[PDB]
Every structure is written in structure tokens, then in C-alpha cells.
Amino acid sequence: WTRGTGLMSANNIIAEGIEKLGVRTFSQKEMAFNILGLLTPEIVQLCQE
Amino acid sequence: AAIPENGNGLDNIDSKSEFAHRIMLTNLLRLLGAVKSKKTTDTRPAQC
Amino acid sequence: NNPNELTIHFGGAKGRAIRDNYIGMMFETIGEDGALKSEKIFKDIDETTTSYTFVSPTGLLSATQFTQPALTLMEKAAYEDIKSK
């Protein structure tokens, strides 16, 4: 769940709601952090096998 | 890359959905399939 | 097609099988002082290196470690052609 602008502005009002279950949503700088961590040199060698 | 499409149900798979399926899949594979043919070196992988 | 520089890439499974050729190629040169300087000169290729670049401003075929395998291949190409006749 990425919380961003655009056409998902009608969905940001319930991100607080499903986070009360023990689940977490993400801002765009967080799914920035989460995919750039797939480019670490230990994942990079792991993708090659 | 993707297209914003919404309201296209199964009865309304329309031309914006055939163009979004080409953007997101049947020409994403041609994008990965073309970086393959331009590679000649097996020592440089391209992490998709 | 003589380049001015060449990047060697240490890529996947067979690419890590290529850079450990370069790690094992270690020359030892003791100094004039008698002390055995057992030192590492290839800091540039180690267990984290994924690419190394050979640089020569004149051209690679004029650089020393590439000019001499180009000759002895050419001179054996001319010899074995002469020998086959």
C-alpha cells in the first residue's frame, strides 16, 4: 500500500483504518527506500543465482 | 510505467485497457527482450 | 578495433570465476633494503570489485600487456600458416 497523490487520494482516508489491524502502509519515500534496498551488493549477487 | 485505468470491468475491457496491457506487459517484455540482444557479455547481468 | 580503454566486468557466476584469476596473479618484488615487502598492489581488484578498467591514452594495442599477446598470436598465425604449406 503506497500512500501517494494522484488518483489514490480517495484511498488515503482509510490507510489509518487498516493500519489499526497491525498492518502498515507506505509513503513514496518509504517504497523508495524499500526498492533501492534491492540494489545492495549482497542482493545483487543473490539475484544472479 | 503504467496507465491509470479505472472503471473498466470485464464487460468493458476497452481500448484504453488494450493499450495499457501493451504498455505494462506485451511491450515490457520486448523492453527486457531488447536489452538482451544488445548484450554480448555474459559477465554483466541486468537486474530487472 | 583498437580502443583507448577497456572495462573488464566481473558479472555473474562465470564473472566471479574471472576476477579470481586476477586476484591470484600476484608478483613479488623484494626491495633493495633486504626487507621482504610482502604487500598488496591490487587493491583495485578484491572480493567486492565488480569492474576493473584498463586505461592507456595511446591505445590498448600499444599498451604493454596487450601488445605482446597480439604479436605472438600473429607470429604463430603466420608460422602455422607457413608450416601448413
# chains A, B, ... in the order shown; residues from 1 in each chain; ligands from 1

$ interface_residues --of "chain B" --to "chain C" --cutoff "9 Å" --atoms "only C-alpha atoms" --output "ChimeraX atom specification"
/B:41-45

$ write_last_selection --atoms "N, CA, C and O atoms" --output "PDB file, in the first residue's frame"
ATOM      1  N   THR B  41      27.907  -9.757 -23.548  1.00  0.00           N
ATOM      2  CA  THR B  41      28.831 -10.149 -22.492  1.00  0.00           C
ATOM      3  C   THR B  41      28.031 -10.869 -21.418  1.00  0.00           C
ATOM      4  O   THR B  41      27.054 -10.344 -20.885  1.00  0.00           O
ATOM      5  N   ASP B  42      28.454 -12.081 -21.085  1.00  0.00           N
ATOM      6  CA  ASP B  42      27.760 -12.809 -20.040  1.00  0.00           C
ATOM      7  C   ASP B  42      28.224 -12.433 -18.644  1.00  0.00           C
ATOM      8  O   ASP B  42      27.744 -13.030 -17.679  1.00  0.00           O
ATOM      9  N   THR B  43      29.139 -11.483 -18.503  1.00  0.00           N
ATOM     10  CA  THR B  43      29.629 -11.112 -17.188  1.00  0.00           C
ATOM     11  C   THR B  43      28.891  -9.918 -16.612  1.00  0.00           C
ATOM     12  O   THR B  43      29.050  -9.629 -15.424  1.00  0.00           O
ATOM     13  N   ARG B  44      28.088  -9.228 -17.422  1.00  0.00           N
ATOM     14  CA  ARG B  44      27.267  -8.092 -17.000  1.00  0.00           C
ATOM     15  C   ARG B  44      25.805  -8.500 -17.019  1.00  0.00           C
ATOM     16  O   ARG B  44      25.187  -8.573 -18.088  1.00  0.00           O
ATOM     17  N   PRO B  45      25.228  -8.811 -15.867  1.00  0.00           N
ATOM     18  CA  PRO B  45      23.787  -9.030 -15.814  1.00  0.00           C
ATOM     19  C   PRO B  45      23.062  -7.715 -15.632  1.00  0.00           C
ATOM     20  O   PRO B  45      23.611  -6.763 -15.081  1.00  0.00           O
TER      21      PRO B  45
END

$ select_by_dssp --residues "range 1-67 of chain C" --states "helix (DSSP H, G or I)" --output "PyMOL selection string"
chain C and resi 16-24+60-62+64-67

$ write_last_selection --atoms "N, CA, C and O atoms" --output "PDB file, in the first residue's frame"
ATOM      1  N   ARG C  16      32.496 -14.019 -11.581  1.00  0.00           N
ATOM      2  CA  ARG C  16      33.278 -14.183 -10.357  1.00  0.00           C
ATOM      3  C   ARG C  16      34.329 -15.268 -10.520  1.00  0.00           C
ATOM      4  O   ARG C  16      35.234 -15.394  -9.688  1.00  0.00           O
ATOM      5  N   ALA C  17      34.214 -16.075 -11.574  1.00  0.00           N
ATOM      6  CA  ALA C  17      35.263 -17.030 -11.897  1.00  0.00           C
ATOM      7  C   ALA C  17      36.369 -16.376 -12.712  1.00  0.00           C
ATOM      8  O   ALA C  17      37.384 -17.009 -13.015  1.00  0.00           O
ATOM      9  N   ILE C  18      36.196 -15.106 -13.073  1.00  0.00           N
ATOM     10  CA  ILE C  18      37.205 -14.421 -13.868  1.00  0.00           C
ATOM     11  C   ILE C  18      38.028 -13.481 -12.997  1.00  0.00           C
ATOM     12  O   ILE C  18      39.241 -13.346 -13.185  1.00  0.00           O
ATOM     13  N   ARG C  19      37.410 -12.864 -11.988  1.00  0.00           N
ATOM     14  CA  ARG C  19      38.179 -11.905 -11.198  1.00  0.00           C
ATOM     15  C   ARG C  19      39.110 -12.594 -10.214  1.00  0.00           C
ATOM     16  O   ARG C  19      40.069 -11.980  -9.740  1.00  0.00           O
ATOM     17  N   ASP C  20      38.867 -13.863  -9.900  1.00  0.00           N
ATOM     18  CA  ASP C  20      39.792 -14.546  -9.013  1.00  0.00           C
ATOM     19  C   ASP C  20      40.987 -15.096  -9.779  1.00  0.00           C
ATOM     20  O   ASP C  20      41.950 -15.566  -9.166  1.00  0.00           O
ATOM     21  N   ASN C  21      40.945 -15.052 -11.114  1.00  0.00           N
ATOM     22  CA  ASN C  21      42.181 -15.158 -11.878  1.00  0.00           C
ATOM     23  C   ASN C  21      43.065 -13.954 -11.609  1.00  0.00           C
ATOM     24  O   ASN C  21      44.281 -14.089 -11.449  1.00  0.00           O
ATOM     25  N   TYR C  22      42.464 -12.768 -11.543  1.00  0.00           N
ATOM     26  CA  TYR C  22      43.239 -11.548 -11.359  1.00  0.00           C
ATOM     27  C   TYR C  22      43.738 -11.411  -9.930  1.00  0.00           C
ATOM     28  O   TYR C  22      44.751 -10.749  -9.681  1.00  0.00           O
ATOM     29  N   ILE C  23      43.031 -12.007  -8.972  1.00  0.00           N
ATOM     30  CA  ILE C  23      43.479 -11.938  -7.585  1.00  0.00           C
ATOM     31  C   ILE C  23      44.692 -12.835  -7.373  1.00  0.00           C
ATOM     32  O   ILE C  23      45.654 -12.455  -6.693  1.00  0.00           O
ATOM     33  N   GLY C  24      44.692 -14.011  -7.989  1.00  0.00           N
ATOM     34  CA  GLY C  24      45.817 -14.917  -7.876  1.00  0.00           C
ATOM     35  C   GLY C  24      47.087 -14.484  -8.567  1.00  0.00           C
ATOM     36  O   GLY C  24      48.173 -14.910  -8.167  1.00  0.00           O
ATOM     37  N   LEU C  60      45.098   0.638 -26.612  1.00  0.00           N
ATOM     38  CA  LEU C  60      45.329  -0.606 -25.891  1.00  0.00           C
ATOM     39  C   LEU C  60      46.292  -1.528 -26.607  1.00  0.00           C
ATOM     40  O   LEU C  60      47.042  -2.254 -25.949  1.00  0.00           O
ATOM     41  N   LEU C  61      46.297  -1.496 -27.937  1.00  0.00           N
ATOM     42  CA  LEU C  61      47.194  -2.347 -28.701  1.00  0.00           C
ATOM     43  C   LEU C  61      48.630  -1.842 -28.625  1.00  0.00           C
ATOM     44  O   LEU C  61      49.563  -2.571 -28.965  1.00  0.00           O
ATOM     45  N   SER C  62      48.830  -0.613 -28.159  1.00  0.00           N
ATOM     46  CA  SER C  62      50.153  -0.093 -27.857  1.00  0.00           C
ATOM     47  C   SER C  62      50.518  -0.221 -26.384  1.00  0.00           C
ATOM     48  O   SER C  62      51.652   0.090 -26.013  1.00  0.00           O
ATOM     49  N   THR C  64      51.360  -2.310 -22.887  1.00  0.00           N
ATOM     50  CA  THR C  64      52.372  -3.362 -22.812  1.00  0.00           C
ATOM     51  C   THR C  64      51.779  -4.753 -22.646  1.00  0.00           C
ATOM     52  O   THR C  64      52.193  -5.688 -23.338  1.00  0.00           O
ATOM     53  N   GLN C  65      50.788  -4.911 -21.774  1.00  0.00           N
ATOM     54  CA  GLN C  65      50.262  -6.246 -21.503  1.00  0.00           C
ATOM     55  C   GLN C  65      49.317  -6.729 -22.594  1.00  0.00           C
ATOM     56  O   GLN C  65      48.926  -7.896 -22.596  1.00  0.00           O
ATOM     57  N   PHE C  66      48.945  -5.861 -23.529  1.00  0.00           N
ATOM     58  CA  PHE C  66      48.122  -6.267 -24.655  1.00  0.00           C
ATOM     59  C   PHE C  66      48.876  -6.280 -25.970  1.00  0.00           C
ATOM     60  O   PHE C  66      48.391  -6.887 -26.929  1.00  0.00           O
ATOM     61  N   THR C  67      50.026  -5.606 -26.059  1.00  0.00           N
ATOM     62  CA  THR C  67      50.746  -5.604 -27.326  1.00  0.00           C
ATOM     63  C   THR C  67      51.449  -6.928 -27.548  1.00  0.00           C
ATOM     64  O   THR C  67      51.551  -7.403 -28.683  1.00  0.00           O
TER      65      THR C  67
END

$ interface_residues --of "chain B" --to "chain A" --cutoff "10 Å" --atoms "only C-alpha atoms" --output "PDB file with N, CA, C and O atoms, in the first residue's frame"
ATOM      1  N   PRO B   4      -3.064   4.933 -15.852  1.00  0.00           N
ATOM      2  CA  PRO B   4      -4.216   4.958 -14.954  1.00  0.00           C
ATOM      3  C   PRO B   4      -5.461   4.505 -15.692  1.00  0.00           C
ATOM      4  O   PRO B   4      -5.944   5.210 -16.577  1.00  0.00           O
ATOM      5  N   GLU B   5      -5.976   3.328 -15.362  1.00  0.00           N
ATOM      6  CA  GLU B   5      -7.271   2.889 -15.865  1.00  0.00           C
ATOM      7  C   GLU B   5      -8.159   2.440 -14.709  1.00  0.00           C
ATOM      8  O   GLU B   5      -7.697   1.779 -13.775  1.00  0.00           O
ATOM      9  N   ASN B   6      -9.431   2.821 -14.772  1.00  0.00           N
ATOM     10  CA  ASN B   6     -10.373   2.537 -13.702  1.00  0.00           C
ATOM     11  C   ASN B   6     -11.770   2.586 -14.296  1.00  0.00           C
ATOM     12  O   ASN B   6     -12.040   3.336 -15.234  1.00  0.00           O
ATOM     13  N   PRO B  45      25.228  -8.811 -15.867  1.00  0.00           N
ATOM     14  CA  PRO B  45      23.787  -9.030 -15.814  1.00  0.00           C
ATOM     15  C   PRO B  45      23.062  -7.715 -15.632  1.00  0.00           C
ATOM     16  O   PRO B  45      23.611  -6.763 -15.081  1.00  0.00           O
ATOM     17  N   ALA B  46      21.822  -7.667 -16.098  1.00  0.00           N
ATOM     18  CA  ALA B  46      20.962  -6.512 -15.892  1.00  0.00           C
ATOM     19  C   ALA B  46      19.809  -6.906 -14.990  1.00  0.00           C
ATOM     20  O   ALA B  46      18.900  -7.616 -15.421  1.00  0.00           O
ATOM     21  N   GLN B  47      19.836  -6.436 -13.751  1.00  0.00           N
ATOM     22  CA  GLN B  47      18.840  -6.795 -12.749  1.00  0.00           C
ATOM     23  C   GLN B  47      17.506  -6.160 -13.093  1.00  0.00           C
ATOM     24  O   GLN B  47      17.343  -4.947 -12.959  1.00  0.00           O
ATOM     25  N   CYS B  48      16.544  -6.954 -13.521  1.00  0.00           N
ATOM     26  CA  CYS B  48      15.219  -6.426 -13.799  1.00  0.00           C
ATOM     27  C   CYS B  48      14.487  -6.232 -12.477  1.00  0.00           C
ATOM     28  O   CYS B  48      14.527  -7.113 -11.618  1.00  0.00           O
TER      29      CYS B  48
END

$ atom_distance --atom1 "CA of residue 24 in chain B" --atom2 "CA of residue 24 in chain A"
26.7 Å

$ closest_residue --among "A:41, A:20, A:35, A:25" --to "residue 2 in chain A" --atoms "only C-alpha atoms"
A:25

$ residues_around --residues "residue 29 in chain A" --least-positions-apart "5" --cutoff "10 Å" --atoms "only C-alpha atoms" --output "list in words"
residues 2, 3, 4 and 34 of chain A

$ closest_residue --among "C:71, C:82, C:63, C:48" --to "chain A" --atoms "only C-alpha atoms"
C:48

$ select_by_dssp --residues "chain A" --states "strand (DSSP E)" --output "list in words"
residues 2, 3, 26 and 27 of chain A

$ atom_distance --atom1 "CA of residue 46 in chain C" --atom2 "CA of residue 40 in chain A"
17.5 Å

$ atom_distance --atom1 "CA of residue 3 in chain B" --atom2 "CA of residue 20 in chain B"
5.5 Å

$ closest_residue --among "C:85, C:68, C:58, C:79" --to "residue 2 in chain C" --atoms "only C-alpha atoms"
C:58

$ closest_residue --among "A:18, A:42, A:11, A:5" --to "chain C" --atoms "only C-alpha atoms"
A:42
